[PDB]
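Along the sequence shown, the residues carry numbers beginning at 1. Order of listing sets the numbers, starting from 1, for every ligand and every atom in it.
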Amino acid sequence: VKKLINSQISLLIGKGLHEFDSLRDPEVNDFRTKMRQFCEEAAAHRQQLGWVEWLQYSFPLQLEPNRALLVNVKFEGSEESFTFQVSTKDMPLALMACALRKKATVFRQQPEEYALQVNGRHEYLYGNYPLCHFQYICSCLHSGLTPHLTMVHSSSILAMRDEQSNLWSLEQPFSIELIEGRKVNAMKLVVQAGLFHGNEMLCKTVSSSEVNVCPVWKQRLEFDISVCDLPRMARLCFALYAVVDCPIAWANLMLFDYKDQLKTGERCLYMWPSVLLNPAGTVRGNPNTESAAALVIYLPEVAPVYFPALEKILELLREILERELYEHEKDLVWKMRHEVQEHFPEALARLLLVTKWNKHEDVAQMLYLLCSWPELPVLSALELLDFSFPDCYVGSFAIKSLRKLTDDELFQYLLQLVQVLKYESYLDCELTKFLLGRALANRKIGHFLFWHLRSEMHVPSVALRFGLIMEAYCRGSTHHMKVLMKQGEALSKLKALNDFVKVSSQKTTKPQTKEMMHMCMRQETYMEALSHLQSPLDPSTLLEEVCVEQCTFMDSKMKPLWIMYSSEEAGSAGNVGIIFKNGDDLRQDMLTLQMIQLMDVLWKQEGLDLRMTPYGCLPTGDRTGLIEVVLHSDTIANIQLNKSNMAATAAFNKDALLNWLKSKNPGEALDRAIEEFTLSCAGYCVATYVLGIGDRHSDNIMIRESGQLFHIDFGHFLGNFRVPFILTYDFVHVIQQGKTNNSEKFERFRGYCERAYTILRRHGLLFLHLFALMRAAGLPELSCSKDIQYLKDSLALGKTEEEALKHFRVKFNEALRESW
Ligand SMILES: Cn1nc(-c2cnc(N)c(-c3cnn(C(N)=O)c3)n2)nc1C1(c2ccccc2)CC1
């Protein structure tokens, strides 16, 4: 039992638990015991939660950021149902009462004892909220479907819960002895060092002696800083390069250990290959000890030297610049530090960037203001998670301020918070305890936290950390671990199936490959593995019976698979699909879609539903991911091919899109699809201009039969190949309802673009903090300031609301003139 769980975690996280112990590292050993225990206490509090609190954990509510409707209600142990004509202003409790009365009259004889489960879904409807505030109700009111819900009693939810149980006295200057190395190159070799407190130097970059390629130095490198004035998060960074410039390898390390003690004596640093100095990189050596260039160095003794505790630390024209600053302006902010705490608390980030981290008296002065610093908003707190604020007490404060994050806000920023783990100096950190804690209190946070870490297990710089966090998570969730093993089981099968489709497509016809994909899919093991799991894209979505005849593959380079599902219990809402792609990095796609989804949230909060399609996209492994099938859609390209004996047969290529809409929306149903198209077009015109989505062509823009426009293939963003605003004649034609001149519908569409644009600019900083935290990912198109800059200009964040609107009008007008 205890052994099987250990072998289950190993297979699931894709790294044997025997490997962690084989390193014999006390830090890895300390994190494992402490986090195992932390996660087991969370598991314990959970198994005692009330039945409603278990619904908030296992099935958290999907809420939207009057008018009549038909709803179908049945009960758990019967096929018998009742269809009611209720209102969007009614709470679930009233519908639950109607359902219990209709039961009493059929069965010839309390609502607070039930929850409404969404049929064939891991979704529920409970709490004091009108029906239209629920995502499932809106997805029914929009598509034209009748919600199907089952009355689940308190005892059946409790049965689920139960079945799912488990110092200053050192004034000398800092120095190291650079002994030798064991690398490969073909010239002389120089080892440049540097002391860093995040993205900033504590002193200048002291270089080494030019020793020949054949390498021994044995030099005492002296740094321009004192041993008493080393910050706790001091980072000694190295770089090895060849000269007659060519980078070879880099390596970083902390001067204090996880137990706050200054390190001694000999250190062999297994270096990471280079693409000058890299302070942002991992402080753990390359795990490929056999094929890695190593650097031996000495950490001289100073006699145990522990970093002082907080009790010792604690004992030891201004308004015009508060909206990069000069050396005199910095001195002003630092002298005024007490006034900044009391009258400008949100300016904290600017005060943290002016304190001299190269002087221990200055740090304690800053930290004294910080320990009495009032709580900052979520927006201020997301800025302090950057590697630009590396201090542990700053990070602890940032986490403290982020504790007020709702489960909806935390879920929206989970990708950025997972990325910040790459910046952490030590294994046991506040961020992990916060993620793991918040994961174990919410199965949906826990699901996605797992997939974010699992997706990168093949990346050796994070493999140890990500694997230890997943192991700690499984300790606190034995049932979920098995639920996620089922998802990896389907994915292991989709990878072997896709490898066959790849080989087969280069040897035979598509109908021949398709038929054999079906014969392989219909094998016992494939039928079991691909059916009856939760969707890695959405835990609330249940992938029940796999529809083998409806499955195929797409013709693009990597032969993506088209896997269809159906569920008897769910009805039409159970007809779902996933696209399995293997070969491309899907990280940037996920980020771009999450940023569009965030835009849709900020628009919906202000009462604007621009009819957006934020379809799921999730990396699951090495160059492997899933995309969500948006049902009843097709590319602009396909529609425009204009084939004969079809309902979309056009006399002119321009009419193809409008004829396609007419054929799918007959009669009075057409006018709504023109509005759907107009709103979605405006939202994607803003999203693509703001995010710099270039290289747009008819085969990467899609339309739903409902009229809704949306983009696919986000392989390029932030201007990478200054992208101008885009307007296609083929779309303006549809907005104008097939008229040459129609300004009434064009200006209302221009209004949508203007309104959408302004709303985004007000949260411009939120996109700025989130994209800055994202630099930790290693996306080749999100690597520097020139990438974050594109967003600063696209949103004209410097300018006022009226100045930016005119600048946008020039961008919107230049797109219209470019439209043939
Ligand atoms: C009908 N239909 N629906 C889609 C569809 C639906 N939802 C999506 N999210 C995406 C998507 C997103 N990214 N992406 C990608 N990178 O490839 C694809 N595509 N595609 C088709 C087509 C198809 C399907 C199967 C076999 C041949 C041709 C006609 C192309």
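Each of the following atoms of ligand 1 lies closer than 4.0 Å to a heavy atom of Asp634: 29 (C). Residue-ligand proximity, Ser633 to ligand 1, at heavy-atom distances under 4.0 Å covers atoms 1 (C), 2 (N), 3 (N), 6 (C). Each of the following atoms of ligand 1 lies closer than 4.0 Å to a heavy atom of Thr552: 26 (C).
Contact between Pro560 and ligand 1 is absent, with no heavy atom of the residue lying under 4.0 Å from the ligand.
No part of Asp555 comes within 4.0 Å of ligand 1, judged by heavy-atom distances. If you look at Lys581 next to ligand 1, the close heavy atoms, those under 4.0 Å, all belong to the side chain. Neither the backbone nor the side chain of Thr635 has any atom closer than 4.0 Å to an atom of ligand 1 (non-hydrogen atoms only). Residue-level proximity to ligand 1 for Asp713 is carried by the side chain, the only part with a heavy atom below 4.0 angstrom. Only the backbone of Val629 comes within 4.0 Å of ligand 1, judged by heavy-atom distances.
The protein non-hydrogen atom at the shortest distance from atom 5 (C) of ligand 1 is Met702 CE, 3.7 Å. In terms of protein heavy atoms, atom 25 (C) of ligand 1 is closest to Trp562 CE3, 3.7 Å. Atom 14 (N) of ligand 1 has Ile712 CD1, 3.9 Å as its closest protein atom, hydrogens excluded (heavy atom only). Here the protein heavy atom with the shortest distance to atom 7 (N) of ligand 1 is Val630 N, 3.0 Å. The protein non-hydrogen atom at the shortest distance from atom 17 (O) of ligand 1 is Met554 CE, 2.9 Å.
Between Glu676 and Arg704 there is no salt bridge, since no side-chain nitrogen of the basic residue lies less than 4.0 Å from a carboxylate oxygen of the acidic one. Note on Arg587 versus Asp589: no salt bridge recorded, every NZ/NE/NH1/NH2 to OD/OE distance being 4.0 Å or above. Taking a cutoff of 4.0 Å between a charged side-chain nitrogen and a carboxylate oxygen, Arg522 and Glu549 qualify as a salt bridge. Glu528 has no carboxylate O lying under 4.0 Å from a charged side-chain N of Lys493, or vice versa, which leaves the two without a salt bridge.
Of the candidates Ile579, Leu561, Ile639, the one placing a heavy atom closest to atom 11 (C) of ligand 1 is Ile579. For atom 29 (C) of ligand 1, the nearest non-hydrogen atom from the set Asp584, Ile578, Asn638, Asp699 comes from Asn638.
The distance criterion of under 3.5 Å between nitrogen or oxygen atoms is met by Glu628 with respect to ligand 1. Backbone and side-chain nitrogen or oxygen atoms of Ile627 are examined, and none is located within less than 3.5 angstrom of a nitrogen or oxygen of ligand 1.
Aromatic pair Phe721/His716: ring centres not closer than 6.0 Å.
Under the side chain to side chain contact (heavy atoms under 4.5 Å, CB included) rule, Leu537 has a single partner from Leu543, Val576, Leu626, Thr620, which is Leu626. When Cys753, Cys681, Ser794 are each tested for a side chain to side chain contact (heavy atoms under 4.5 Å, CB included) with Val686, only one passes: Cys753. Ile701 pairs with exactly one of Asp713, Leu709, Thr635, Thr728 by the side chain to side chain contact (heavy atoms under 4.5 Å, CB included) rule, that one being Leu709.
Among residue pairs with one or both ends in residues 521-554, none qualify as ring pair (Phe, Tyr, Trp, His ring centres under 6.0 Å); sequence neighbours excluded.
Taking a distance limit of 4.0 Å, we find that atom 1 (C) of ligand 1 is approached by some protein heavy atom. There is no protein heavy atom closer than 4.0 angstrom to atom 22 (C) of ligand 1.
More than 12 heavy atoms of other residues, nucleotides or ligands sit less than 6.0 Å from atom NZ of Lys486.
There is a side-chain donor-acceptor pair under 3.5 Å between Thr150 and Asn119.
Stacking of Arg454 on the aromatic ring of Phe466 is not recorded, the 6.0 Å distance cut-off and the 45° axial limit not both being met.
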